[PDB]
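Read the single chain below, which is given as structure tokens and is the form deposited in one PDB entry.
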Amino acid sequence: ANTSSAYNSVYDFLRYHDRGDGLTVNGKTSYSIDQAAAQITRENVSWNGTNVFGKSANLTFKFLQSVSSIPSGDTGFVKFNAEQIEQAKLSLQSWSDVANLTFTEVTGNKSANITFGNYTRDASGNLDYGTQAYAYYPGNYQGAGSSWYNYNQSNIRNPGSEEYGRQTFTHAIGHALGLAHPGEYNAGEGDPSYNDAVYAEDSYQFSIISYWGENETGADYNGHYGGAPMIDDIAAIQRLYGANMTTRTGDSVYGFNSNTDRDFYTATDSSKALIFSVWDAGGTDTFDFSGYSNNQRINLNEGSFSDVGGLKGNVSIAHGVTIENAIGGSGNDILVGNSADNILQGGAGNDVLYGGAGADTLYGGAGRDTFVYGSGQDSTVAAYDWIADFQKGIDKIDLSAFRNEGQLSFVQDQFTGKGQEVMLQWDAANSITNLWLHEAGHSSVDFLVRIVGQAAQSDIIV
């Protein structure tokens, strides 16, 4: 049916970066999260051995202070500096947050599963200012789990201020845990490019084990590097070691006002870029994106991507995660809930809110806001939505999606029985307006949105 542009914007955003299911994207086969995860783990190796899946591990790590040799043949060893140590520990933590891994530092002569060191020259003893980093897969051989970084790169020496350095630590540790590049390519071997990718979603938007920029898949991080595991990385590492169900099991806030004590989930002011895929194992959680003025699009569905703070495709939610609440900023935003009971706050600006299934509580904020309903299942009597700050003559409630079963008619105080009728009923004692919809094919009146405030018939879009 002809539906409104507000509904169409929800319908489209729900399908942003659709994947898998026999789609073709960028002329390549599109993989699901799980297909991408299987591809990233295709070497079938982990610290637990070969072809061992879903098994936790307790691992050691060490910052080498000297070496007998570097397993690649590079030379000019330099130990990690203090900033590299701090950032590497943050990278390790970002992996142990999502998978069932513990990391324990060892020093002195103790062997370690994962090691860190820098190099500066090739096997011929000439300075190497061109390469970046590499690491070795788990195994029982000499050098297994070791990771190596070019100290002549400023991003490697300064990973706390040069985002690519922190990303590189996360990437290399991923190899040291058993993850592979999503395609058969490597640095030094020819000149690969995204054109050589096996599947469309081989980019930083989905995996920081990729070589390819997030622009290759239509995302845009405005020159930033995220630094922590992205959505397919989380699925991949959980395939090997199991998911960590102890992480952030309380009510967690991501974005502004964050309580995660993780830099990559925290924006401290509006100039801060956020790039993350969230893992969260319990509790009632909030995406607080309130500090931005850009028009944002925020989706709470697991697996989905959001456009946050002026970037594109920079936030996603890992498979297995339920995030319950979202707060937009002063821009004109779209906030899309999931089947849970969501509290959505549009903030200032003219926002479109869609609770989806479940009993949602919606605040448009200042501005001309639109609360969208796509199905009778979005607001059943048994689990109805509240719209708590509705402004008569300014906000709108959009029922245009119901046109697909016949144009809805407005009735004043009684239903005829014909169905596809909408009624507003004012409760003067409580100052509540109940919006009732008797839907085609329903014998009883089964859709209700309760509104804290008055509403006019002309505020209801049918």
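Sequential numbering from 1, following the sequence displayed.
The discussion below concerns the form solved in complex with a partner chain, not included here.
- None of 364 to 372, 287 to 295, 257 to 265, 129 to 137 except one has non-hydrogen atoms within 4.5 angstroms of its partner chain in the entry with it bound; the exception is 129 to 137.
- Every residue in the set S72, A187 and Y211 has a non-hydrogen atom no more than 4.5 Å from its partner chain in the entry with it bound.
- Within this chain, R157 is remote from the site of its partner chain in the entry with it bound, having no heavy atom within 4.5 Å.
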